[PDB]
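What follows is one structure encoded as structure tokens, with my remarks underneath.
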Amino acid sequence: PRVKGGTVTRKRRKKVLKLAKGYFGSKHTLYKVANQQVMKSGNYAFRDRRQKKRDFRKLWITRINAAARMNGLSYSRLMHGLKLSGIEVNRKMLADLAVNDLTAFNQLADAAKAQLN
Amino acid sequence: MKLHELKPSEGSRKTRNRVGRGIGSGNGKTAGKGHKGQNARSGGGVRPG
Amino acid sequence: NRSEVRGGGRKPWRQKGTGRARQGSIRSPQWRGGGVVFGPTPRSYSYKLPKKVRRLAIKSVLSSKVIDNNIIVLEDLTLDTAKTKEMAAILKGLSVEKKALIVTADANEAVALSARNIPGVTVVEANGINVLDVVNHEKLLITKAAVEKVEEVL
Amino acid sequence: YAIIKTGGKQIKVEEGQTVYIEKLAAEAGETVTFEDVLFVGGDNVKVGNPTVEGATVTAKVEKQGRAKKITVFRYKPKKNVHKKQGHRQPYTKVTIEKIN
Amino acid sequence: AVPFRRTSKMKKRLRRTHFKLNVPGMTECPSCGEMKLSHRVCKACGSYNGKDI
Amino acid sequence: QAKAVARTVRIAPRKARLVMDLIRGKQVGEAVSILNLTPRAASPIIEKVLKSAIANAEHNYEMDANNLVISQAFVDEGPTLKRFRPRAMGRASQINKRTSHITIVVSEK
Amino acid sequence: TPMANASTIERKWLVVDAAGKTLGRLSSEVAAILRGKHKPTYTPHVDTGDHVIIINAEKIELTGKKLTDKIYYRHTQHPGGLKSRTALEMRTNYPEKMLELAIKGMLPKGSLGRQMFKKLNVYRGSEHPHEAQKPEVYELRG
RNA sequence: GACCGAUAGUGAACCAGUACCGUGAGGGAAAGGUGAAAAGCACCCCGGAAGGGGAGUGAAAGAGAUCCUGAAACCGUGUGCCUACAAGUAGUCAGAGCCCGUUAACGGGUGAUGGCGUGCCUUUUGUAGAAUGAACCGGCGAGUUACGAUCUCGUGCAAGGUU
RNA sequence: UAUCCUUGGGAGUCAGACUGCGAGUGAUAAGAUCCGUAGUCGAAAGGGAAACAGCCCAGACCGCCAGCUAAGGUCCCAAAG
RNA sequence: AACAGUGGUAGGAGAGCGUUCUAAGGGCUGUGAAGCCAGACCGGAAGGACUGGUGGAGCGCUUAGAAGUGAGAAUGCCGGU
């Protein structure tokens, strides 16, 4: 018996193309050039899933540092005082406070500032 | 037995190893012949001794 | 094959100078018309087992038929005619609403002329028994004569 | 508003709020108490020494699901390597009550 | 002396922007109404500047 | 509304595209003036099909010819014809005697 | 899931004198605030900074022999179109631009960097045309 | 017929060893499908015609003579969002605004702006590679079969197994 | 601390590169060549070394908007004195 | 359950997905098959469903079996653009 293979190839390639929407022209219109971007998008995505953890950390830290500098402190000195106290909350929480409830941030910073002395 | 409940004795049957049918198989692009050489060619080899 | 296919022969274009690819014939597998690489070729899928095994097989399936009680013994099949109405009436009386196999010893031609126009029914002598017919026909009818024959040759 | 530590992570919470967290042993209508609690917030304040005593946080489940899919695809460019792999991270949907 | 690359649809269209036709400088035929080129003769009126040929 | 089509006419489509990109979305009378006065090969064809359209409207729909507008108007590349020019040195060059399907749709205000 | 600002901004206007200051150590703060790192509501992609005014740019200071030996090179896109200007004559003729150069250099690059540069407004002397914005003074931490 | 089903299968499902190429021997194609049935479009209009729009036939005319379906490349029309101080293998992650509203779930389309990021294959000590190959889309296209040997697994029988 | 030996089936490989150390040839020149030895690459992504196969740190099932560290760093580009 | 582990070229081993055909058994289909187009569905992957549209007559499911069994590249062949 003989086997053509008419539907499978089309179906698979179309699946890829539906994944490749929004890409610039030929990279959504054509199979193979799109494939080699989709794949590349997969590696980029893996990478970025792990860069998020690295980026938001920075952002939180900058926010905390600004708030501590207006409170009269540095980030490093602050977090040292906090770990020395037991206030191991985390940086995301601290940032959310420093934006929304800055009085609580001040409470915590004053605790650490006191326990640095 | 019945034709619509057939099954073999385990270990009697196996699937054959096809090659040149992708890399997920682990036998793509070379069929396990490795890279270039007299053993990698069509009719490629030497007499046994 | 590329040899069996008609034509080919000449190098369609010189090896070099053209921008085109090296090609040796218009009938190699790359081409539209083309010769097939390996493909099929006539052969026989037949093989033979040993005798002990095959007789064990038929014994086994008969044992299974007698187990699940899709077996019927029926002495003295006798038809004044060779008709199918009578046979179907018999099968109805025996509550045989499906495929079926029928066995004799010496080829009751009346029974063979009948019973063939029925789709699901087949007829055979004791010498002509298979495993496949047995399995496939879901239920078995035998004359005790044929029983003695099969059990004495087995 | 309170803070809690649940899944090796932390959450800021207000009462009556809906949250999605890591998987738990609940059964889709049960209740839960978070006790690894700290920073009761919102009012008269209480901060964890590491953790504030008692002051638990009750809640109840509404779903025990598995989130939207992602197809991590990984290929070393040459070398003929691929890994295609799906993932539905389980999760648990919760509604809060009674910060303490 | 040849295209190192194939030209994309986008640049093809960006080139073909200016490749277009302006309309004519059009006027009516005051004699029998229909339109006409400026400073030129109404083919149907057969008239120009209030004068028939 | 109303429609007219000129299917399988030997002319290149881009040229027709130009000529109707002029008039897309205009009153029929001024459009006819455009086509009468512009010096291109495709204007007679296009005014022909347009005139057929307005005729279809007036005859089969009675839609007040003067009160009409080109709702849409487009061209579709139809079946080419293949030819060959004997260039130098025994080489030939493929020639694409193009073909176009002109389509016009007319409505009221 | 924190906040990421957008059109929820209040850009104040700050003023800085430079009577005895080193432009580098000064600029490293003014650029930080032009970027908004002195705020809790910082985001990297929104320009949360704050407008800045600088006065008495001529009256900056330097260390060492920079006025004689520090050289601002600048090339056209013409051959041998290299040009050089010492920090001294830059200070005399136009200190606005040399401050702008330093700060531009230590700002981020891209549209956002340029747009936060656009908040800067440097002025020789002590004139400050931007009275209307009701600015305030910013002393330097350094 | 555990043979093909119009790039397959005879080279050839059709007026093919034809057309066509070659002085010549010789080489050597392409090209199937209306409908159950012509009932194949009376008649009206546009138009010089072609080709259309109506009407009518028909279950169907989006079936109308390349006449079942009819994809993709390619070509265009319209429009929701974005875009004319911006450099970026063209995406990814974060993300505002705007527009929608699903196989109803931490939904969808766009995406200002920020961050990270030198294509695929081959061959190489090593290639983003200024080394090779591919214009693109579609189809076809490469480790098989016979016989024999050997190893493993399985089954049957066993100092006897087998034709 | 668990990998070692035998028998049998199946392979691929026999163009290697740099770095550190010890040697040769060289001009104690070569990103040179040829040897030994250890590592890395090859066949290994990630962080730093601006970028940067072979250097420093360290080894990727997958996810998380959690945390502690290595190398290297903390005035701004760019997180941190 | 506990513990430990899960980078990977050549290459070895094992698990499977899918295509055509056949046998049997059980089914779908003019109240609309296959095929084609959409869709925000499911699965660890190959992949598989559901709904709607087109189309207008054949096709799945289960267990087994046999193969012209899966294409992104050959300055590949043919056709189209």
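Following the order of the structure tokens, first chain is A, next is B, and so on, with residues numbered from 1 inside each chain and ligands from 1 in the order they appear.
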
**Message:** Which residues are close to residue A:49, i.e. within 8 Å by only C-alpha atoms (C1' of nucleotides), leaving aside same-chain residues fewer than 4 positions away? Reply as a VMD selection string.
**Reply:** (chain A and resid 45 53) or (chain H and resid 93)

**Residues within 12 Å of residue E:6, only C-alpha atoms (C1' of nucleotides), excluding chain neighbours under 6 positions, as a list in words** =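 Final neighbour list, sorted by chain and number: residues 12 of chain E; 135 and 136 of chain H.
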
Could you turn the residues from that selection into a file that holds N, CA, C and O atoms (P, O5', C5', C4', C3', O3' and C1' of nucleotides), as a PDB file, in the first residue's frame?
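This went into result.pdb:
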```
ATOM      1  N   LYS E  12       7.808  47.837  -1.116  1.00  0.00           N
ATOM      2  CA  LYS E  12       7.215  47.894  -2.438  1.00  0.00           C
ATOM      3  C   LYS E  12       6.079  48.905  -2.463  1.00  0.00           C
ATOM      4  O   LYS E  12       6.015  49.776  -3.342  1.00  0.00           O
TER       5      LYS E  12
ATOM      6  P     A H 135      16.151  28.991  -4.405  1.00  0.00           P
ATOM      7  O5'   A H 135      15.432  30.378  -4.142  1.00  0.00           O
ATOM      8  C5'   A H 135      16.043  31.335  -3.302  1.00  0.00           C
ATOM      9  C4'   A H 135      15.048  32.301  -2.726  1.00  0.00           C
ATOM     10  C3'   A H 135      13.791  31.681  -2.153  1.00  0.00           C
ATOM     11  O3'   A H 135      13.956  31.268  -0.811  1.00  0.00           O
ATOM     12  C1'   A H 135      13.197  33.372  -3.657  1.00  0.00           C
ATOM     13  P     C H 136      13.241  29.937  -0.286  1.00  0.00           P
ATOM     14  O5'   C H 136      11.706  30.310  -0.349  1.00  0.00           O
ATOM     15  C5'   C H 136      11.227  31.396   0.410  1.00  0.00           C
ATOM     16  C4'   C H 136       9.776  31.668   0.141  1.00  0.00           C
ATOM     17  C3'   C H 136       8.862  30.469   0.229  1.00  0.00           C
ATOM     18  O3'   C H 136       8.503  30.145   1.552  1.00  0.00           O
ATOM     19  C1'   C H 136       8.411  31.618  -1.751  1.00  0.00           C
TER      20        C H 136
END
```

Per residue of chain B within 12 Å of chain I, record the nearest atom pair and its distance in Å to one decimal, counting only C-alpha atoms (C1' of nucleotides), with rows in chain order and ascending residue number, as CSV.
```
residue,atom,partner,partner_atom,distance
B:30,CA,I:12,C1',11.2
B:31,CA,I:11,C1',11.3
B:32,CA,I:11,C1',7.8
B:33,CA,I:12,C1',7.6
B:34,CA,I:12,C1',6.1
B:35,CA,I:12,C1',8.7
B:36,CA,I:12,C1',11.3
B:37,CA,I:13,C1',11.4
B:39,CA,I:12,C1',11.0
B:40,CA,I:12,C1',11.0
```

Suppose we keep N, CA, C and O atoms; can you now write the selection as a PDB file, in the first residue's frame?
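Ended up saving to again-v2.pdb:
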```pdb
ATOM      1  N   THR B  30      21.502  10.679  10.125  1.00  0.00           N
ATOM      2  CA  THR B  30      22.582   9.737   9.868  1.00  0.00           C
ATOM      3  C   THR B  30      22.158   8.290   9.934  1.00  0.00           C
ATOM      4  O   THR B  30      22.906   7.431   9.459  1.00  0.00           O
ATOM      5  N   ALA B  31      21.005   7.980  10.506  1.00  0.00           N
ATOM      6  CA  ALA B  31      20.595   6.618  10.764  1.00  0.00           C
ATOM      7  C   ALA B  31      21.622   5.860  11.584  1.00  0.00           C
ATOM      8  O   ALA B  31      21.805   4.656  11.411  1.00  0.00           O
ATOM      9  N   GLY B  32      22.309   6.558  12.468  1.00  0.00           N
ATOM     10  CA  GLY B  32      23.263   5.898  13.317  1.00  0.00           C
ATOM     11  C   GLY B  32      24.540   5.494  12.641  1.00  0.00           C
ATOM     12  O   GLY B  32      25.318   4.738  13.226  1.00  0.00           O
ATOM     13  N   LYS B  33      24.771   5.956  11.423  1.00  0.00           N
ATOM     14  CA  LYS B  33      26.030   5.744  10.740  1.00  0.00           C
ATOM     15  C   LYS B  33      27.055   6.807  11.062  1.00  0.00           C
ATOM     16  O   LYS B  33      28.169   6.754  10.538  1.00  0.00           O
ATOM     17  N   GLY B  34      26.718   7.757  11.917  1.00  0.00           N
ATOM     18  CA  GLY B  34      27.662   8.789  12.222  1.00  0.00           C
ATOM     19  C   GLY B  34      27.894   9.691  11.032  1.00  0.00           C
ATOM     20  O   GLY B  34      27.024   9.893  10.185  1.00  0.00           O
ATOM     21  N   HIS B  35      29.093  10.226  10.975  1.00  0.00           N
ATOM     22  CA  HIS B  35      29.499  11.150   9.942  1.00  0.00           C
ATOM     23  C   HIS B  35      30.333  10.424   8.903  1.00  0.00           C
ATOM     24  O   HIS B  35      30.415   9.194   8.888  1.00  0.00           O
ATOM     25  N   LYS B  36      30.947  11.202   8.021  1.00  0.00           N
ATOM     26  CA  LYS B  36      31.483  10.732   6.764  1.00  0.00           C
ATOM     27  C   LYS B  36      32.458   9.590   6.972  1.00  0.00           C
ATOM     28  O   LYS B  36      33.023   9.401   8.051  1.00  0.00           O
ATOM     29  N   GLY B  37      32.625   8.810   5.927  1.00  0.00           N
ATOM     30  CA  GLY B  37      33.537   7.692   5.953  1.00  0.00           C
ATOM     31  C   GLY B  37      33.020   6.567   5.094  1.00  0.00           C
ATOM     32  O   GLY B  37      31.879   6.553   4.655  1.00  0.00           O
ATOM     33  N   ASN B  39      32.218   3.669   5.853  1.00  0.00           N
ATOM     34  CA  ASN B  39      31.155   2.904   6.473  1.00  0.00           C
ATOM     35  C   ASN B  39      29.823   3.626   6.478  1.00  0.00           C
ATOM     36  O   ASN B  39      28.810   3.020   6.836  1.00  0.00           O
ATOM     37  N   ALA B  40      29.798   4.891   6.090  1.00  0.00           N
ATOM     38  CA  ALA B  40      28.600   5.703   6.120  1.00  0.00           C
ATOM     39  C   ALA B  40      27.910   5.799   4.777  1.00  0.00           C
ATOM     40  O   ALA B  40      26.897   6.491   4.666  1.00  0.00           O
TER      41      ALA B  40
END
```

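One finds atom CA of residue C:152 at 20.8 Å from atom CA of residue C:123.
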
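For chain E, the residues no farther than 10 Å from chain F when using only C-alpha atoms are residues 19, 20, 21, 22, 23, 24, 25, 26, 27, 28, 34, 35, 36 and 37 of chain E.
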
Output C-alpha atoms for every residue in the selection just made, as an mmCIF file, in the first residue's frame.
```cif
data_model
loop_
_atom_site.group_PDB
_atom_site.id
_atom_site.type_symbol
_atom_site.label_atom_id
_atom_site.label_comp_id
_atom_site.auth_asym_id
_atom_site.auth_seq_id
_atom_site.Cartn_x
_atom_site.Cartn_y
_atom_site.Cartn_z
ATOM 1 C CA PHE E 19 3.278 56.177 -8.298
ATOM 2 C CA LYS E 20 -0.206 57.446 -8.917
ATOM 3 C CA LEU E 21 -2.321 59.707 -11.066
ATOM 4 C CA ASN E 22 -3.577 63.140 -10.269
ATOM 5 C CA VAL E 23 -6.954 64.045 -11.680
ATOM 6 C CA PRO E 24 -7.178 66.501 -14.580
ATOM 7 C CA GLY E 25 -7.712 70.207 -14.319
ATOM 8 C CA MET E 26 -11.409 69.996 -14.976
ATOM 9 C CA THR E 27 -14.144 72.428 -15.906
ATOM 10 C CA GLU E 28 -17.660 72.332 -17.253
ATOM 11 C CA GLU E 34 -20.576 68.418 -19.293
ATOM 12 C CA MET E 35 -17.007 68.424 -18.041
ATOM 13 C CA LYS E 36 -13.889 69.432 -19.874
ATOM 14 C CA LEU E 37 -10.216 70.251 -19.551
#
```

**Message:** With only C-alpha atoms (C1' of nucleotides) considered, list every residue of chain H at most 10 Å from chain D, as JSON, numbers by chain.
**Reply:** {"H": [105, 106, 119, 120, 121, 122]}

**Message:** Env of residue J:27: 12 Å cut, atoms = only C-alpha atoms (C1' of nucleotides), seq-sep filter 2 positions within chain, self excluded. Answer as number ranges by chain.
**Reply:** J: 25, 29, 59-62

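Around residue D:85, within 12 Å and counting only C-alpha atoms (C1' of nucleotides), the residues found are residues 42 and 46 of chain A; 69, 70, 71, 72, 73, 74, 75, 82, 83, 87 and 88 of chain D; 61, 62 and 63 of chain I; 43, 44, 45 and 46 of chain J, once anything fewer than 2 positions away on its own chain is removed.
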
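Our summary of the geometry notes that atom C1' of residue H:37 is positioned 10.1 Å from atom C1' of residue H:58.
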
**Asked** Leaving out stretch 20-31 of chain C and any residue of its chain fewer than 4 positions from it, which residues lie within 12 Å of it when counting only C-alpha atoms (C1' of nucleotides), given as an NGL selection string?
**Response** (:C and (1-16 or 35-39)) or (:H and (7 or 11 or 27-29 or 133 or 139-142)) or (:J and (74-78))

**Request:** Write out as a ChimeraX atom specification each polymer residue whose atoms come within 10 Å of residue G:52, counting only C-alpha atoms (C1' of nucleotides); drop sequence neighbours fewer than 3 positions from it.
**Result:** /G:11-16,30-31,33-34,49,117-122,135-138

**Message:** Please extract the residues of chain E with a backbone DSSP assignment of strand (DSSP E or B) and present them as a list in words.
**Reply:**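 Here is the list: residues 26, 27, 28, 35, 36, 37, 42, 47, 48, 51 and 52 of chain E.
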
Residues from last step as file, C-alpha atoms, as a short mmCIF file (atom, residue, chain, number, x, y, z; two decimals), in the first residue's frame:
```cif
data_model
loop_
_atom_site.label_atom_id
_atom_site.label_comp_id
_atom_site.auth_asym_id
_atom_site.auth_seq_id
_atom_site.Cartn_x
_atom_site.Cartn_y
_atom_site.Cartn_z
CA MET E 26 -11.41 70.00 -14.98
CA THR E 27 -14.14 72.43 -15.91
CA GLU E 28 -17.66 72.33 -17.25
CA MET E 35 -17.01 68.42 -18.04
CA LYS E 36 -13.89 69.43 -19.87
CA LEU E 37 -10.22 70.25 -19.55
CA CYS E 42 -15.42 70.59 -25.21
CA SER E 47 -17.21 74.76 -28.29
CA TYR E 48 -14.57 76.88 -26.63
CA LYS E 51 -17.40 79.88 -29.76
CA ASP E 52 -18.20 76.83 -31.85
#
```

**Request:** Considering only C-alpha atoms, extract the chain G residues located within 6 Å of chain A and return them as a PyMOL selection string.
**Result:** chain G and resi 2+38-40

Requested write-out: N, CA, C and O atoms of the selected residues, as a tab-separated table (two decimals), in the first residue's frame:
```tsv
chain	number	residue	atom	x	y	z
G	2	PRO	N	2.58	44.53	41.84
G	2	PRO	CA	2.61	45.88	42.37
G	2	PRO	C	2.04	46.87	41.38
G	2	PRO	O	1.51	46.49	40.34
G	38	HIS	N	14.51	58.86	42.88
G	38	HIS	CA	14.29	59.42	44.20
G	38	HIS	C	12.86	59.27	44.65
G	38	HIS	O	12.47	59.91	45.63
G	39	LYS	N	12.07	58.46	43.96
G	39	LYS	CA	10.66	58.29	44.22
G	39	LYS	C	10.32	56.84	44.52
G	39	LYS	O	10.97	55.93	43.99
G	40	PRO	N	9.30	56.57	45.34
G	40	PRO	CA	8.82	55.20	45.46
G	40	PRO	C	8.01	54.76	44.28
G	40	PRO	O	7.89	53.55	44.04
```

**Request:** Point out the residue among G:51, G:65, G:37, G:45 with the least atom-to-atom distance to chain H, counting only C-alpha atoms (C1' of nucleotides).
**Result:**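 For chain H, the nearest of the given residues is G:45.
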
**Prompt:** Got a sec: who's within 12 Å of residue D:55, counting only C-alpha atoms (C1' of nucleotides), leaving out chain neighbours fewer than 2 positions off, as a PyMOL selection string?
**Reply:** chain D and resi 2-4+33-41+45-48+51-53+57-58+98-100

Where in chain F does DSSP assign helix (DSSP H, G or I), given as a compact mmCIF listing (two decimals) with N, CA, C and O atoms, in the first residue's frame?
```txt
# COMPACT_ATOMS: atom_id res chain seq x y z
N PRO F 13 -3.49 44.47 -14.25
CA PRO F 13 -4.35 44.96 -13.18
C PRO F 13 -3.87 46.23 -12.52
O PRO F 13 -4.70 47.06 -12.16
N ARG F 14 -2.55 46.41 -12.35
CA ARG F 14 -2.03 47.58 -11.65
C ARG F 14 -2.51 48.87 -12.29
O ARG F 14 -2.80 49.86 -11.62
N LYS F 15 -2.62 48.86 -13.60
CA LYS F 15 -2.98 50.04 -14.34
C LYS F 15 -4.44 50.41 -14.06
O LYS F 15 -4.78 51.56 -13.76
N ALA F 16 -5.29 49.40 -14.09
CA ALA F 16 -6.67 49.57 -13.67
C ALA F 16 -6.74 50.03 -12.23
O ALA F 16 -7.59 50.87 -11.88
N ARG F 17 -5.88 49.49 -11.37
CA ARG F 17 -5.85 49.89 -9.97
C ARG F 17 -5.65 51.38 -9.85
O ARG F 17 -6.34 52.05 -9.08
N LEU F 18 -4.69 51.91 -10.60
CA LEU F 18 -4.48 53.35 -10.61
C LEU F 18 -5.75 54.08 -10.99
O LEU F 18 -6.22 54.99 -10.28
N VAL F 19 -6.34 53.66 -12.10
CA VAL F 19 -7.42 54.44 -12.67
C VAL F 19 -8.63 54.46 -11.75
O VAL F 19 -9.35 55.45 -11.71
N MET F 20 -8.86 53.39 -11.00
CA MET F 20 -10.00 53.39 -10.09
C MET F 20 -9.65 53.88 -8.70
O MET F 20 -10.55 54.32 -7.96
N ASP F 21 -8.38 53.84 -8.32
CA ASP F 21 -7.96 54.54 -7.11
C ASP F 21 -8.22 56.02 -7.24
O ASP F 21 -8.36 56.71 -6.23
N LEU F 22 -8.26 56.52 -8.47
CA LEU F 22 -8.73 57.89 -8.67
C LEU F 22 -10.13 58.08 -8.11
O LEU F 22 -10.37 58.98 -7.31
N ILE F 23 -11.07 57.22 -8.53
CA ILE F 23 -12.49 57.52 -8.40
C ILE F 23 -13.15 56.79 -7.25
O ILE F 23 -14.38 56.89 -7.11
N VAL F 28 -21.16 59.31 -9.66
CA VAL F 28 -21.00 58.59 -10.91
C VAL F 28 -20.73 59.55 -12.06
O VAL F 28 -19.93 59.26 -12.95
N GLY F 29 -21.39 60.71 -12.06
CA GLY F 29 -21.26 61.61 -13.19
C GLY F 29 -19.86 62.17 -13.28
O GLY F 29 -19.23 62.16 -14.34
N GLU F 30 -19.34 62.64 -12.15
CA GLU F 30 -17.99 63.16 -12.15
C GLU F 30 -17.01 62.05 -12.44
O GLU F 30 -16.00 62.27 -13.11
N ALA F 31 -17.29 60.84 -11.97
CA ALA F 31 -16.39 59.73 -12.27
C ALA F 31 -16.33 59.46 -13.76
O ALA F 31 -15.25 59.19 -14.31
N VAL F 32 -17.47 59.54 -14.42
CA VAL F 32 -17.49 59.37 -15.87
C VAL F 32 -16.69 60.47 -16.53
O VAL F 32 -16.00 60.25 -17.52
N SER F 33 -16.78 61.68 -15.99
CA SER F 33 -15.99 62.77 -16.54
C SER F 33 -14.50 62.49 -16.39
O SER F 33 -13.72 62.72 -17.32
N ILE F 34 -14.11 61.97 -15.23
CA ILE F 34 -12.72 61.58 -15.00
C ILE F 34 -12.28 60.61 -16.06
O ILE F 34 -11.23 60.77 -16.69
N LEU F 35 -13.06 59.56 -16.27
CA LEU F 35 -12.63 58.52 -17.17
C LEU F 35 -12.62 59.00 -18.61
O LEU F 35 -11.81 58.55 -19.41
N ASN F 36 -13.51 59.93 -18.94
CA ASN F 36 -13.53 60.44 -20.29
C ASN F 36 -12.33 61.32 -20.56
O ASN F 36 -11.81 61.33 -21.68
N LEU F 37 -11.87 62.04 -19.54
CA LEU F 37 -10.84 63.05 -19.75
C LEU F 37 -9.44 62.57 -19.42
O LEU F 37 -8.48 63.21 -19.85
N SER F 43 -9.47 53.55 -18.86
CA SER F 43 -10.66 54.36 -18.62
C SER F 43 -11.84 53.97 -19.50
O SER F 43 -12.97 53.99 -18.98
N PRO F 44 -11.69 53.62 -20.78
CA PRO F 44 -12.87 53.21 -21.54
C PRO F 44 -13.50 51.96 -20.98
O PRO F 44 -14.73 51.87 -20.86
N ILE F 45 -12.67 51.00 -20.60
CA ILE F 45 -13.16 49.76 -20.02
C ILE F 45 -13.93 50.05 -18.74
O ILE F 45 -15.01 49.50 -18.48
N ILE F 46 -13.37 50.93 -17.93
CA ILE F 46 -13.94 51.12 -16.61
C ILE F 46 -15.23 51.91 -16.71
O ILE F 46 -16.22 51.60 -16.03
N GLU F 47 -15.27 52.92 -17.58
CA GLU F 47 -16.52 53.64 -17.75
C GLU F 47 -17.56 52.75 -18.39
O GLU F 47 -18.75 52.89 -18.10
N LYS F 48 -17.13 51.78 -19.19
CA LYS F 48 -18.05 50.84 -19.79
C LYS F 48 -18.74 50.01 -18.72
O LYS F 48 -19.97 49.94 -18.65
N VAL F 49 -17.95 49.39 -17.85
CA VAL F 49 -18.53 48.55 -16.81
C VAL F 49 -19.35 49.39 -15.84
O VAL F 49 -20.38 48.94 -15.33
N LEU F 50 -18.91 50.61 -15.58
CA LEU F 50 -19.64 51.47 -14.66
C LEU F 50 -21.00 51.83 -15.23
O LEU F 50 -22.01 51.86 -14.52
N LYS F 51 -21.01 52.18 -16.50
CA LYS F 51 -22.23 52.50 -17.19
C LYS F 51 -23.17 51.32 -17.17
O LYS F 51 -24.38 51.47 -16.98
N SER F 52 -22.61 50.12 -17.29
CA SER F 52 -23.42 48.92 -17.18
C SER F 52 -24.00 48.78 -15.79
O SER F 52 -25.14 48.34 -15.61
N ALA F 53 -23.22 49.17 -14.78
CA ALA F 53 -23.69 49.08 -13.41
C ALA F 53 -24.88 49.98 -13.17
O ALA F 53 -25.89 49.57 -12.61
N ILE F 54 -24.74 51.24 -13.57
CA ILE F 54 -25.83 52.18 -13.34
C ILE F 54 -27.04 51.77 -14.15
O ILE F 54 -28.18 51.97 -13.71
N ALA F 55 -26.83 51.18 -15.32
CA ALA F 55 -27.95 50.66 -16.08
C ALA F 55 -28.64 49.55 -15.31
O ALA F 55 -29.88 49.51 -15.25
N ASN F 56 -27.86 48.65 -14.72
CA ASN F 56 -28.44 47.57 -13.95
C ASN F 56 -29.25 48.12 -12.79
O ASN F 56 -30.32 47.60 -12.46
N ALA F 57 -28.75 49.17 -12.16
CA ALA F 57 -29.45 49.76 -11.04
C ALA F 57 -30.77 50.37 -11.48
O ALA F 57 -31.81 50.13 -10.86
N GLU F 58 -30.73 51.16 -12.53
CA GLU F 58 -31.92 51.84 -13.00
C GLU F 58 -32.96 50.87 -13.52
O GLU F 58 -34.16 51.13 -13.41
N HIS F 59 -32.53 49.75 -14.08
CA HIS F 59 -33.43 48.82 -14.74
C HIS F 59 -33.97 47.76 -13.80
O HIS F 59 -35.16 47.44 -13.85
N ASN F 60 -33.11 47.22 -12.95
CA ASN F 60 -33.46 46.13 -12.06
C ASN F 60 -33.71 46.59 -10.63
O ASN F 60 -34.17 45.78 -9.82
N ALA F 65 -30.50 57.28 -10.81
CA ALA F 65 -29.16 57.33 -11.37
C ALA F 65 -28.29 58.50 -10.92
O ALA F 65 -27.10 58.33 -10.64
N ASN F 66 -28.89 59.68 -10.82
CA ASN F 66 -28.13 60.86 -10.44
C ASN F 66 -27.68 60.81 -8.99
O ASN F 66 -26.69 61.46 -8.63
N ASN F 67 -28.39 60.06 -8.15
CA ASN F 67 -28.16 60.06 -6.71
C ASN F 67 -27.21 58.95 -6.29
O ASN F 67 -27.30 58.45 -5.16
```

What are the nearest atom pairs, with distances in Å to one decimal, for all residues of chain A that come at most 12 Å from chain E, using only C-alpha atoms, set out by chain and rising residue number as CSV?
```
residue,atom,partner,partner_atom,distance
A:24,CA,E:10,CA,10.1
A:25,CA,E:9,CA,8.3
A:26,CA,E:8,CA,8.7
A:27,CA,E:8,CA,11.8
A:29,CA,E:9,CA,11.9
```

Dump as a Markdown table the rows for residues of chain H within 8 Å of chain B: closest atom pair and distance in Å with one decimal, only C-alpha atoms (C1' of nucleotides) counted, ordered by chain and rising residue number.
```
| residue | atom | partner | partner_atom | distance |
| --- | --- | --- | --- | --- |
| H:142 | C1' | B:20 | CA | 7.9 |
| H:143 | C1' | B:19 | CA | 6.9 |
| H:153 | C1' | B:11 | CA | 5.3 |
| H:154 | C1' | B:12 | CA | 4.1 |
```

Only residues of chain B matter here; which ones have an atom within 10 Å of chain C, counting only C-alpha atoms? Give them as a PDB file with N, CA and C atoms, in the first residue's frame.
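Here's the written file iface32.pdb:
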```pdb
ATOM      1  N   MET B   1      -9.978 -17.681  21.361  1.00  0.00           N
ATOM      2  CA  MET B   1      -9.791 -16.214  21.297  1.00  0.00           C
ATOM      3  C   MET B   1     -10.879 -15.618  20.443  1.00  0.00           C
ATOM      4  N   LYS B   2     -10.799 -14.311  20.245  1.00  0.00           N
ATOM      5  CA  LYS B   2     -11.709 -13.598  19.376  1.00  0.00           C
ATOM      6  C   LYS B   2     -10.928 -12.554  18.609  1.00  0.00           C
ATOM      7  N   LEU B   3     -11.311 -12.385  17.351  1.00  0.00           N
ATOM      8  CA  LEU B   3     -10.572 -11.534  16.439  1.00  0.00           C
ATOM      9  C   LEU B   3     -10.557 -10.085  16.879  1.00  0.00           C
TER      10      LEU B   3
END
```
